[PDB]
$ cat protein-v7.cif   # mmCIF, C-alpha atoms
data_start
loop_
_atom_site.label_atom_id
_atom_site.label_comp_id
_atom_site.auth_asym_id
_atom_site.auth_seq_id
_atom_site.Cartn_x
_atom_site.Cartn_y
_atom_site.Cartn_z
CA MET A 1 2.26 19.53 -3.86
CA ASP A 2 4.43 21.01 -1.06
CA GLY A 3 3.19 20.55 2.51
CA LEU A 4 5.80 20.20 5.27
CA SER A 5 4.85 17.40 7.69
CA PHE A 6 7.73 17.49 10.22
CA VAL A 7 7.95 21.29 10.32
CA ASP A 8 4.21 22.14 10.47
CA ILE A 12 -1.80 21.70 11.97
CA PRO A 13 -4.96 20.87 13.99
CA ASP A 14 -7.79 18.36 13.46
CA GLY A 15 -10.05 21.34 12.69
CA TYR A 16 -7.84 22.16 9.70
CA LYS A 17 -8.25 18.58 8.43
CA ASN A 18 -12.02 18.93 8.92
CA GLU A 19 -11.93 22.32 7.18
CA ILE A 20 -9.86 21.17 4.21
CA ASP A 21 -11.95 18.00 3.92
CA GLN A 22 -15.04 20.17 3.35
CA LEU A 23 -13.34 22.17 0.59
CA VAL A 24 -12.15 18.94 -1.06
CA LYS A 25 -15.68 17.54 -0.59
CA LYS A 26 -17.26 20.54 -2.32
CA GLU A 27 -14.99 20.06 -5.35
CA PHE A 28 -16.08 16.39 -5.43
CA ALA A 29 -19.75 17.48 -5.28
CA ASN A 30 -18.93 19.45 -8.45
CA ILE A 31 -17.11 16.65 -10.34
CA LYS A 32 -19.15 13.74 -8.89
CA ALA A 50 -8.88 -18.31 -16.60
CA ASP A 51 -9.79 -21.85 -15.46
CA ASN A 52 -12.06 -24.70 -16.64
CA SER A 53 -15.29 -26.04 -15.03
CA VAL A 54 -13.33 -25.96 -11.71
CA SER A 55 -13.96 -22.18 -11.40
CA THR A 56 -17.76 -22.47 -11.90
CA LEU A 57 -18.38 -24.94 -9.07
CA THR A 58 -15.81 -23.29 -6.77
CA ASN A 59 -17.37 -19.83 -7.13
CA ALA A 60 -20.84 -21.36 -6.71
CA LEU A 61 -19.77 -23.22 -3.55
CA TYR A 62 -18.35 -20.05 -2.00
CA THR A 63 -21.26 -17.83 -3.04
CA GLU A 64 -23.95 -20.24 -1.81
CA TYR A 65 -21.94 -21.01 1.37
CA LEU A 66 -22.41 -24.79 1.03
CA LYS A 67 -19.70 -27.48 0.86
CA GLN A 68 -20.43 -30.66 -1.16
CA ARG A 69 -21.33 -33.63 1.07
CA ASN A 70 -18.78 -36.46 1.49
CA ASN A 71 -19.31 -40.18 2.19
CA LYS A 72 -20.92 -40.35 5.65
CA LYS A 73 -21.24 -44.16 5.45
CA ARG A 74 -18.15 -45.96 6.84
CA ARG A 75 -18.74 -44.59 10.38
CA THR A 76 -22.30 -45.79 11.10
CA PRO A 77 -23.13 -49.12 9.29
CA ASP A 78 -25.16 -51.94 10.91
CA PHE A 79 -24.77 -55.69 11.68
CA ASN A 80 -27.15 -58.31 10.20
CA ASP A 81 -27.74 -56.05 7.17
CA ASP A 82 -27.67 -57.47 3.63
CA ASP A 83 -25.32 -57.74 0.61
CA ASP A 84 -24.96 -53.94 0.86
CA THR A 85 -23.75 -54.02 4.49
CA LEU A 86 -21.58 -57.08 3.71
CA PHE A 87 -19.56 -54.67 1.54
CA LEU A 88 -19.74 -51.86 4.13
CA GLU A 89 -18.49 -54.28 6.79
CA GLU A 90 -15.59 -55.53 4.64
CA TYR A 91 -14.66 -51.87 4.03
CA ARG A 92 -14.30 -51.24 7.77
CA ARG A 93 -11.90 -54.17 8.19
CA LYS A 94 -9.38 -53.28 5.47
CA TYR A 95 -9.29 -49.61 6.47
CA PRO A 96 -8.92 -50.55 10.16
CA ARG A 97 -5.97 -52.79 9.25
CA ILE A 98 -4.54 -49.95 7.14
CA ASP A 99 -5.24 -47.66 10.12
CA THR A 100 -3.42 -49.92 12.60
CA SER A 101 -0.49 -50.19 10.16
CA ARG A 102 -0.66 -46.38 9.65
CA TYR A 103 -0.33 -45.91 13.44
CA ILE A 104 2.58 -48.38 13.71
CA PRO A 105 4.99 -46.48 11.41
CA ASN A 106 4.15 -43.23 13.23
CA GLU A 107 4.85 -44.62 16.71
CA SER A 108 8.07 -46.31 15.53
CA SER A 109 9.70 -42.89 14.95
CA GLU A 110 7.29 -41.26 17.41
CA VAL A 111 8.24 -37.77 18.59
CA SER A 112 11.55 -37.65 16.61
CA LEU A 113 9.73 -37.03 13.32
CA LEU A 114 7.64 -34.28 14.95
CA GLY A 115 10.46 -32.39 16.68
CA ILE A 116 12.54 -32.52 13.50
CA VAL A 117 9.79 -30.52 11.76
CA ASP A 118 9.48 -28.21 14.79
CA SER A 119 13.11 -27.18 14.21
CA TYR A 120 12.38 -26.35 10.55
CA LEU A 121 9.57 -24.02 11.65
CA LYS A 122 12.00 -22.02 13.82
CA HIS A 123 14.34 -21.46 10.85
CA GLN A 124 11.33 -20.36 8.79
CA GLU A 125 10.10 -17.93 11.46
CA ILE A 126 13.38 -16.07 12.18
CA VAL A 127 13.81 -15.32 8.45
CA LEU A 128 10.60 -13.25 8.41
CA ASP A 129 11.58 -11.10 11.40
CA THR A 130 14.98 -10.34 9.80
CA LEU A 131 13.04 -8.81 6.88
CA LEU A 132 10.86 -6.93 9.40
CA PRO A 133 14.08 -5.24 10.59
CA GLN A 134 15.49 -4.61 7.09
CA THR A 135 12.22 -2.87 6.17
CA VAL A 136 12.14 -1.07 9.53
CA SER A 137 15.63 0.38 8.99
CA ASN A 138 15.15 1.56 5.39
CA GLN A 139 11.72 3.02 6.26
CA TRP A 140 13.15 5.07 9.14
CA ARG A 141 16.14 5.94 6.90
CA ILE A 142 13.93 7.52 4.23
CA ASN A 143 12.01 9.52 6.84
CA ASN A 144 15.36 10.56 8.33
CA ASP A 145 16.40 12.17 5.02
CA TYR A 146 13.02 13.92 4.67
CA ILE A 147 13.40 15.44 8.14
CA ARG A 148 16.53 17.39 7.20
CA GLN A 149 14.86 18.68 4.04
CA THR A 150 11.83 19.87 6.03
CA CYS A 151 14.07 21.77 8.46
CA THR A 152 16.22 23.22 5.67
CA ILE A 153 13.33 24.85 3.78
CA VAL A 154 11.21 25.70 6.83
CA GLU A 155 14.06 28.02 7.82
CA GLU A 156 14.20 29.50 4.31
CA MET A 157 10.44 30.13 4.44
CA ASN A 158 10.93 31.75 7.85
CA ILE A 159 13.63 33.97 6.30
CA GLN A 160 11.27 34.90 3.45
CA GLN A 161 8.36 35.84 5.73
CA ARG A 162 10.54 38.05 7.94
CA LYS A 163 11.75 39.92 4.86
CA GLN A 164 8.15 40.07 3.61
CA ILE A 165 6.96 41.78 6.80
CA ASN A 166 9.89 44.21 6.69
CA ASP A 167 8.95 45.53 3.24
CA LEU A 168 5.28 45.64 4.20
CA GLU A 169 5.99 48.18 6.95
CA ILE A 170 8.98 49.75 5.18
CA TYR A 171 6.88 50.76 2.17
CA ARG A 172 4.34 52.34 4.54
CA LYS A 173 6.86 54.32 6.60
CA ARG A 174 8.38 55.76 3.40
CA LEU A 175 4.99 56.96 2.16
CA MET B 1 12.05 -21.72 1.92
CA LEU B 2 8.80 -20.92 0.06
CA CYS B 3 7.79 -21.00 -3.61
CA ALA B 4 7.32 -17.71 -5.48
CA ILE B 5 4.07 -18.64 -7.27
CA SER B 6 1.57 -20.59 -5.12
CA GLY B 7 2.91 -19.73 -1.64
CA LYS B 8 4.02 -23.33 -1.02
CA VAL B 9 6.88 -24.93 0.89
CA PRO B 10 8.44 -26.78 -2.09
CA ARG B 11 9.31 -30.52 -2.20
CA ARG B 12 11.56 -30.12 -5.27
CA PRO B 13 12.60 -26.44 -5.46
CA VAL B 14 14.27 -25.22 -8.69
CA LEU B 15 15.97 -21.82 -9.24
CA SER B 16 15.99 -19.82 -12.51
CA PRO B 17 19.33 -18.27 -13.58
CA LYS B 18 17.87 -15.03 -15.05
CA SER B 19 16.17 -13.95 -11.80
CA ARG B 20 17.29 -15.60 -8.57
CA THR B 21 13.96 -16.84 -7.25
CA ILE B 22 13.12 -20.35 -6.04
CA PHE B 23 9.94 -21.94 -7.43
CA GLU B 24 8.40 -25.40 -7.00
CA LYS B 25 9.23 -27.45 -10.13
CA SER B 26 5.67 -28.26 -11.22
CA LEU B 27 4.53 -24.63 -11.05
CA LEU B 28 7.53 -23.15 -12.88
CA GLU B 29 7.41 -25.92 -15.50
CA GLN B 30 3.74 -25.02 -16.14
CA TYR B 31 4.48 -21.30 -16.61
CA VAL B 32 7.24 -21.89 -19.17
CA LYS B 33 4.93 -24.04 -21.32
CA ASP B 34 2.08 -21.52 -21.03
CA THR B 35 4.35 -18.60 -22.02
CA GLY B 36 8.13 -19.10 -22.18
CA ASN B 37 9.29 -16.39 -19.77
CA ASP B 38 10.16 -15.86 -16.10
CA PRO B 39 6.95 -15.02 -14.14
CA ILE B 40 8.46 -12.28 -11.89
CA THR B 41 10.92 -10.39 -14.14
CA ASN B 42 9.24 -11.21 -17.52
CA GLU B 43 12.63 -12.28 -18.94
CA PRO B 44 13.27 -15.08 -21.49
CA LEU B 45 13.41 -18.44 -19.68
CA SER B 46 13.09 -22.11 -20.73
CA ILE B 47 12.77 -25.49 -18.97
CA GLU B 48 16.47 -26.33 -19.61
CA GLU B 49 17.49 -22.92 -18.16
CA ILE B 50 16.22 -23.98 -14.70
CA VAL B 51 18.59 -25.37 -12.03
CA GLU B 52 17.26 -27.91 -9.50
CA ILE B 53 18.30 -27.33 -5.85
CA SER B 56 14.10 -32.48 2.87
CA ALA B 57 10.84 -31.31 4.47
CA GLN B 58 8.95 -33.25 7.17
CA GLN B 59 5.27 -32.96 8.05
CA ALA B 60 4.17 -35.06 11.03
CA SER B 61 0.97 -36.83 9.84
CA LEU B 62 -1.56 -36.37 12.70
CA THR B 63 -2.24 -39.17 15.24
CA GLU B 64 -5.87 -39.43 14.03
CA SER B 65 -4.77 -39.99 10.40
CA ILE B 77 -11.38 -42.14 6.62
CA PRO B 78 -10.52 -38.56 7.78
CA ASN B 79 -8.02 -38.06 4.91
CA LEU B 80 -10.76 -38.95 2.40
CA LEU B 81 -13.66 -37.24 4.21
CA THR B 82 -12.73 -34.50 6.72
CA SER B 83 -9.26 -33.33 5.63
CA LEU B 84 -9.96 -33.23 1.88
CA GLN B 85 -13.29 -31.46 2.46
CA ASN B 86 -11.63 -28.71 4.51
CA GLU B 87 -8.97 -28.20 1.82
CA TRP B 88 -11.49 -27.46 -0.93
CA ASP B 89 -13.59 -25.35 1.46
CA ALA B 90 -10.51 -23.31 2.39
CA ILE B 91 -9.54 -22.92 -1.29
CA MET B 92 -13.08 -21.93 -2.29
CA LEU B 93 -13.98 -19.38 0.42
CA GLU B 94 -10.53 -17.69 0.30
CA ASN B 95 -10.39 -16.96 -3.44
CA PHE B 96 -14.01 -15.78 -3.37
CA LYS B 97 -13.12 -13.47 -0.47
CA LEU B 98 -9.94 -12.50 -2.38
CA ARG B 99 -12.06 -11.62 -5.44
CA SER B 100 -14.14 -9.46 -3.05
CA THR B 101 -10.94 -7.72 -1.90
CA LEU B 102 -9.77 -6.98 -5.46
CA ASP B 103 -13.14 -5.46 -6.40
CA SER B 104 -13.10 -2.99 -3.48
CA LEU B 105 -9.50 -1.92 -4.13
CA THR B 106 -10.51 -0.77 -7.63
CA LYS B 107 -13.57 1.08 -6.23
CA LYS B 108 -11.47 2.66 -3.49
CA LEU B 109 -8.94 3.54 -6.22
CA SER B 110 -11.61 5.60 -8.00
CA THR B 111 -12.50 7.46 -4.79
CA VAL B 112 -8.78 8.18 -4.26
CA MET B 113 -8.03 9.60 -7.73
CA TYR B 114 -11.23 11.68 -7.82
CA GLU B 115 -10.55 13.21 -4.39
CA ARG B 116 -6.94 13.80 -5.50
CA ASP B 117 -7.98 15.65 -8.67
CA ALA B 118 -10.56 17.55 -6.58
CA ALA B 119 -7.68 18.77 -4.39
CA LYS B 120 -5.59 19.71 -7.46
CA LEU B 121 -8.35 22.09 -8.58
CA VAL B 122 -8.48 23.66 -5.11
CA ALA B 123 -4.73 24.30 -5.16
CA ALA B 124 -4.81 25.70 -8.69
CA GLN B 125 -7.76 27.92 -7.67
CA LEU B 126 -5.96 29.05 -4.50
CA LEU B 127 -2.64 29.65 -6.29
CA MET B 128 -4.33 32.37 -8.36
CA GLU B 129 -6.07 33.68 -5.23
CA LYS B 130 -3.12 34.01 -2.84
CA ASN B 131 -0.46 35.64 -5.05
CA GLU B 132 -2.98 38.20 -6.36
CA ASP B 133 -3.97 39.03 -2.76
CA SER B 134 -0.26 39.48 -1.96
CA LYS B 135 0.19 41.48 -5.18
CA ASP B 136 -2.65 43.80 -4.12
CA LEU B 137 -0.84 44.55 -0.85
CA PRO B 138 2.29 45.45 -2.85
CA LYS B 139 0.18 47.73 -5.06
CA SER B 140 -1.64 49.27 -2.07
CA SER B 141 1.57 50.97 -0.87
CA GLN B 142 1.50 53.01 -4.10
CA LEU C 102 -4.20 -7.07 -5.31
CA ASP C 103 -0.91 -5.76 -3.87
CA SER C 104 0.02 -3.76 -6.98
CA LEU C 105 -3.27 -1.83 -6.64
CA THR C 106 -2.69 -1.39 -2.89
CA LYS C 107 0.51 0.50 -3.78
CA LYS C 108 -1.57 2.94 -5.85
CA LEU C 109 -4.11 3.16 -3.01
CA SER C 110 -1.43 3.83 -0.40
CA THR C 111 0.56 6.34 -2.48
CA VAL C 112 -2.67 8.20 -3.28
CA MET C 113 -4.14 8.36 0.24
CA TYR C 114 -0.79 9.56 1.62
CA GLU C 115 -0.36 12.11 -1.18
CA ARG C 116 -4.02 13.15 -0.88
CA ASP C 117 -3.80 14.09 2.80
CA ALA C 118 -0.37 15.59 1.99
CA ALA C 119 -1.94 17.71 -0.75
CA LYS C 120 -4.81 18.43 1.69
CA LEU C 121 -2.37 20.20 4.02
CA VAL C 122 -1.40 22.50 1.13
CA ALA C 123 -4.95 23.87 1.24
CA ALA C 124 -5.05 24.38 5.01
CA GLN C 125 -1.86 26.44 4.76
CA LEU C 126 -3.01 28.27 1.62
CA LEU C 127 -6.42 29.16 3.06
CA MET C 128 -5.05 30.83 6.20
CA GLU C 129 -2.56 32.94 4.20
CA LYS C 130 -5.27 34.00 1.74
CA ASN C 131 -7.35 34.94 4.80
CA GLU C 132 -4.48 36.99 6.25
CA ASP C 133 -4.21 38.95 2.99
CA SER C 134 -7.87 40.00 3.27
CA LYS C 135 -7.94 41.59 6.76
CA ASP C 136 -4.53 43.18 6.12
CA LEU C 137 -5.63 44.90 2.90
CA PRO C 138 -9.13 45.63 4.27
CA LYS C 139 -7.84 47.33 7.43
CA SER C 140 -5.27 49.26 5.35
CA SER C 141 -7.60 50.32 2.53
CA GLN C 142 -10.09 51.46 5.20
CA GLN C 143 -7.61 53.95 6.72
CA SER D 542 7.08 2.33 -0.64
CA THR D 543 4.99 5.21 0.76
CA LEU D 544 7.96 7.01 2.35
CA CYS D 545 9.98 6.20 -0.78
CA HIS D 546 7.33 7.90 -2.94
CA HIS D 547 6.75 10.74 -0.45
CA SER D 548 10.47 11.56 -0.72
CA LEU D 549 10.46 11.84 -4.53
CA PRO D 550 7.31 13.99 -4.92
CA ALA D 551 8.21 16.25 -1.95
CA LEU D 552 11.85 16.94 -3.01
CA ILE D 553 10.60 18.51 -6.28
CA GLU D 554 7.81 20.55 -4.60
CA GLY D 555 10.30 22.43 -2.40
CA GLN D 556 12.27 24.07 -5.21
CA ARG D 557 8.93 25.24 -6.62
CA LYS D 558 7.86 26.48 -3.18
CA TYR D 559 11.12 28.37 -2.68
CA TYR D 560 11.50 29.68 -6.24
CA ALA D 561 8.01 31.22 -5.99
CA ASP D 562 8.84 32.96 -2.71
CA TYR D 563 12.25 33.91 -4.14
CA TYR D 564 10.59 35.77 -7.02
CA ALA D 565 7.96 37.06 -4.56
CA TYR D 566 10.84 38.52 -2.52
CA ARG D 567 12.52 40.08 -5.57
CA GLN D 568 9.42 42.17 -6.33
CA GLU D 569 9.12 43.27 -2.70
CA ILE D 570 12.73 44.51 -2.83
CA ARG D 571 11.90 46.74 -5.81
CA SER D 572 9.18 48.65 -3.93
CA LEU D 573 11.66 49.05 -1.06
CA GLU D 574 14.36 50.14 -3.53
CA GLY D 575 12.24 52.93 -5.05
CA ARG D 576 10.38 54.26 -1.99
CA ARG D 577 13.75 55.35 -0.58
CA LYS D 578 14.53 57.48 -3.64
CA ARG D 579 11.43 59.66 -3.23
CA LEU D 580 12.47 60.24 0.40
CA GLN D 581 16.02 60.96 -0.78
CA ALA D 582 14.65 63.59 -3.18
CA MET D 583 13.03 65.46 -0.23
CA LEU D 584 16.52 66.69 0.69
CA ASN D 585 17.15 67.97 -2.86
CA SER D 586 14.23 70.41 -2.71
CA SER D 587 15.53 71.72 0.64
#
$ encode --input "protein-v7.cif" --output "structure tokens"
Amino acid sequence: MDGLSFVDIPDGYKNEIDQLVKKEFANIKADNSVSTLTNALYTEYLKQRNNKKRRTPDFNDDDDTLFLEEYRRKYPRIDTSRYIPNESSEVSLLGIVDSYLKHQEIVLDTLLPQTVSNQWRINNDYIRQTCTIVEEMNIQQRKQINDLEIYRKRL
Amino acid sequence: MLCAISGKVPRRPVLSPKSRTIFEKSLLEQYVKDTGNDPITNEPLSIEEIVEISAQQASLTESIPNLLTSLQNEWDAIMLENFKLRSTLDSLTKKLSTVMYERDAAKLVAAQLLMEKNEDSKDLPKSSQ
Amino acid sequence: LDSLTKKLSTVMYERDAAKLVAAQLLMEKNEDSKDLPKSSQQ
Amino acid sequence: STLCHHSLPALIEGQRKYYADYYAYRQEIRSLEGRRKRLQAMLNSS
């Protein structure tokens, strides 16, 4: 488990260790009908065609275009009424929503900092641990080398 | 400011008293009827336990399109996202299996090397004699 | 999706962390060989 | 959540790292502790 990150390591060692890990891997080796049509639409990459009729039409048609004509009138009156209540308020309704979006944005970046601080704070605690033990390992190795030659010089 | 189920910006937000989390009324009311518990914390929660707590969208200048173009895009965007999200979930489970296998492969290396190193060190201690 | 990503992230980090154990271990094992070999020779 | 996890698994591995080397050191001290005595007994024969 133990491998000191702050205290310790070349790219060659990653490439080396990867090969040894690789060799040990060589050894081991809820919705209704809605979901059916939605998954089929996405898989096939084709959206279902809508009513491309109101836009084109034609004068001196028949009973069919008499309907299609009368459709264009009522929707154009609804359109012209739908543009009236927008222009009445105008830009006030738009800029009121623009302000809401600024309150929504700043909240996210506050959380970006809160995460930033606690993430650096955890790493900060690790750092001290790494330096604590790395010294202790240094102490151990020095003592190790002392015996190694001490035992020889006795013999 | 958002709902904690769909990822909406709620029109009638309601907060649960067991876990302080704001949901849109329709979506929290649906969960309680499906299974009577809080979705996040899995704690007992009912419809009466909820506590109810304005948003402006400027309808575009070119607002026919609402029936044809806008509605079409909404069910395209719902369709191709969840399909792509199902694709993302499938790969995470596959990449999970490659992670755990490579992990266990490393465990065996360490275990194999733990026997190797200390016995090599032991042999140096014995050599002196 | 995200709950599996936590497992993915914790693994990949811990994998390459555990990978560095080997790099260290291998070089020490290697050091033990030449040391003993050059000593046992003489 | 990574650095959170990395903290918890690392903090336990260190004691095990040290304790191994600690016991590794104890054995090394014994060889040191005896090798002297044989040298010390060279003066007894003299």
$ resolve_selection --input "protein-v7.cif" --expression "the PyMOL selection byres ((chain A) within 6 of (chain B))" --output "list in words"
residues 24, 27, 28, 58, 62, 70, 114 and 117 of chain A
$ closest_atom_pairs --input "protein-v7.cif" --of "chain D" --to "chain B" --cutoff "9 Å" --atoms "only C-alpha atoms" --output "CSV"
residue,atom,partner,partner_atom,distance
D:565,CA,B:131,CA,8.6
D:568,CA,B:138,CA,8.6
D:569,CA,B:138,CA,7.2
D:572,CA,B:138,CA,7.7
$ closest_residue --input "protein-v7.cif" --among "C:108, C:130, C:116, C:139" --to "chain A" --atoms "all atoms listed in the file"
C:116
$ interface_residues --input "protein-v7.cif" --of "chain C" --to "chain B" --cutoff "9 Å" --atoms "all atoms listed in the file" --output "MDAnalysis selection string"
chainID C and resid 102 105:106 108:109 112:113 115:117 119:120 122:123 126:127 129:131 133:134 136:137 140:141
$ resolve_selection --input "protein-v7.cif" --expression "the PyMOL selection byres ((chain D) within 10 of (chain C))" --output "VMD selection string"
chain D and resid 542 to 547 550 to 551
$ write_last_selection --input "protein-v7.cif" --atoms "C-alpha atoms" --output "PDB file, in the frame of the given file"
ATOM      1  CA  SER D 542       7.080   2.330  -0.640  1.00  0.00           C
ATOM      2  CA  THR D 543       4.990   5.210   0.760  1.00  0.00           C
ATOM      3  CA  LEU D 544       7.960   7.010   2.350  1.00  0.00           C
ATOM      4  CA  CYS D 545       9.980   6.200  -0.780  1.00  0.00           C
ATOM      5  CA  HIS D 546       7.330   7.900  -2.940  1.00  0.00           C
ATOM      6  CA  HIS D 547       6.750  10.740  -0.450  1.00  0.00           C
ATOM      7  CA  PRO D 550       7.310  13.990  -4.920  1.00  0.00           C
ATOM      8  CA  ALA D 551       8.210  16.250  -1.950  1.00  0.00           C
TER       9      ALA D 551
END
$ resolve_selection --input "protein-v7.cif" --expression "the PyMOL selection byres ((chain A and resi 174) around 7)" --output "MDAnalysis selection string"
(chainID A and resid 170:173 175) or (chainID D and resid 576:577 580)
$ closest_atom_pairs --input "protein-v7.cif" --of "chain A" --to "chain D" --cutoff "12 Å" --atoms "all atoms listed in the file" --output "JSON lines"
{"residue": "A:1", "atom": "CA", "partner": "D:554", "partner_atom": "CA", "distance": 5.7}
{"residue": "A:2", "atom": "CA", "partner": "D:554", "partner_atom": "CA", "distance": 4.9}
{"residue": "A:3", "atom": "CA", "partner": "D:551", "partner_atom": "CA", "distance": 8.0}
{"residue": "A:4", "atom": "CA", "partner": "D:551", "partner_atom": "CA", "distance": 8.6}
{"residue": "A:5", "atom": "CA", "partner": "D:551", "partner_atom": "CA", "distance": 10.3}
{"residue": "A:135", "atom": "CA", "partner": "D:542", "partner_atom": "CA", "distance": 10.0}
{"residue": "A:136", "atom": "CA", "partner": "D:544", "partner_atom": "CA", "distance": 11.6}
{"residue": "A:138", "atom": "CA", "partner": "D:545", "partner_atom": "CA", "distance": 9.3}
{"residue": "A:139", "atom": "CA", "partner": "D:544", "partner_atom": "CA", "distance": 6.7}
{"residue": "A:140", "atom": "CA", "partner": "D:544", "partner_atom": "CA", "distance": 8.8}
{"residue": "A:141", "atom": "CA", "partner": "D:544", "partner_atom": "CA", "distance": 9.4}
{"residue": "A:142", "atom": "CA", "partner": "D:544", "partner_atom": "CA", "distance": 6.3}
{"residue": "A:143", "atom": "CA", "partner": "D:544", "partner_atom": "CA", "distance": 6.5}
{"residue": "A:144", "atom": "CA", "partner": "D:544", "partner_atom": "CA", "distance": 10.2}
{"residue": "A:145", "atom": "CA", "partner": "D:548", "partner_atom": "CA", "distance": 8.3}
{"residue": "A:146", "atom": "CA", "partner": "D:548", "partner_atom": "CA", "distance": 6.4}
{"residue": "A:147", "atom": "CA", "partner": "D:548", "partner_atom": "CA", "distance": 10.1}
{"residue": "A:148", "atom": "CA", "partner": "D:552", "partner_atom": "CA", "distance": 11.2}
{"residue": "A:149", "atom": "CA", "partner": "D:552", "partner_atom": "CA", "distance": 7.9}
{"residue": "A:150", "atom": "CA", "partner": "D:555", "partner_atom": "CA", "distance": 8.9}
{"residue": "A:151", "atom": "CA", "partner": "D:555", "partner_atom": "CA", "distance": 11.5}
{"residue": "A:152", "atom": "CA", "partner": "D:555", "partner_atom": "CA", "distance": 10.0}
{"residue": "A:153", "atom": "CA", "partner": "D:555", "partner_atom": "CA", "distance": 7.3}
{"residue": "A:154", "atom": "CA", "partner": "D:555", "partner_atom": "CA", "distance": 9.8}
{"residue": "A:155", "atom": "CA", "partner": "D:559", "partner_atom": "CA", "distance": 10.9}
{"residue": "A:156", "atom": "CA", "partner": "D:559", "partner_atom": "CA", "distance": 7.7}
{"residue": "A:157", "atom": "CA", "partner": "D:559", "partner_atom": "CA", "distance": 7.4}
{"residue": "A:158", "atom": "CA", "partner": "D:562", "partner_atom": "CA", "distance": 10.8}
{"residue": "A:159", "atom": "CA", "partner": "D:562", "partner_atom": "CA", "distance": 10.3}
{"residue": "A:160", "atom": "CA", "partner": "D:562", "partner_atom": "CA", "distance": 6.9}
{"residue": "A:161", "atom": "CA", "partner": "D:562", "partner_atom": "CA", "distance": 8.9}
{"residue": "A:162", "atom": "CA", "partner": "D:566", "partner_atom": "CA", "distance": 10.5}
{"residue": "A:163", "atom": "CA", "partner": "D:566", "partner_atom": "CA", "distance": 7.6}
{"residue": "A:164", "atom": "CA", "partner": "D:566", "partner_atom": "CA", "distance": 6.9}
{"residue": "A:165", "atom": "CA", "partner": "D:569", "partner_atom": "CA", "distance": 9.9}
{"residue": "A:166", "atom": "CA", "partner": "D:573", "partner_atom": "CA", "distance": 9.3}
{"residue": "A:167", "atom": "CA", "partner": "D:573", "partner_atom": "CA", "distance": 6.2}
{"residue": "A:168", "atom": "CA", "partner": "D:569", "partner_atom": "CA", "distance": 8.2}
{"residue": "A:169", "atom": "CA", "partner": "D:573", "partner_atom": "CA", "distance": 9.9}
{"residue": "A:170", "atom": "CA", "partner": "D:573", "partner_atom": "CA", "distance": 6.8}
{"residue": "A:171", "atom": "CA", "partner": "D:573", "partner_atom": "CA", "distance": 6.0}
{"residue": "A:172", "atom": "CA", "partner": "D:576", "partner_atom": "CA", "distance": 9.1}
{"residue": "A:173", "atom": "CA", "partner": "D:576", "partner_atom": "CA", "distance": 9.3}
{"residue": "A:174", "atom": "CA", "partner": "D:576", "partner_atom": "CA", "distance": 5.9}
{"residue": "A:175", "atom": "CA", "partner": "D:576", "partner_atom": "CA", "distance": 7.3}
$ atom_distance --input "protein-v7.cif" --atom1 "atom CA of residue 127 of chain A" --atom2 "atom CA of residue 22 of chain B"
15.4 Å
$ atom_distance --input "protein-v7.cif" --atom1 "atom CA of residue 28 of chain B" --atom2 "atom CA of residue 41 of chain B"
13.3 Å
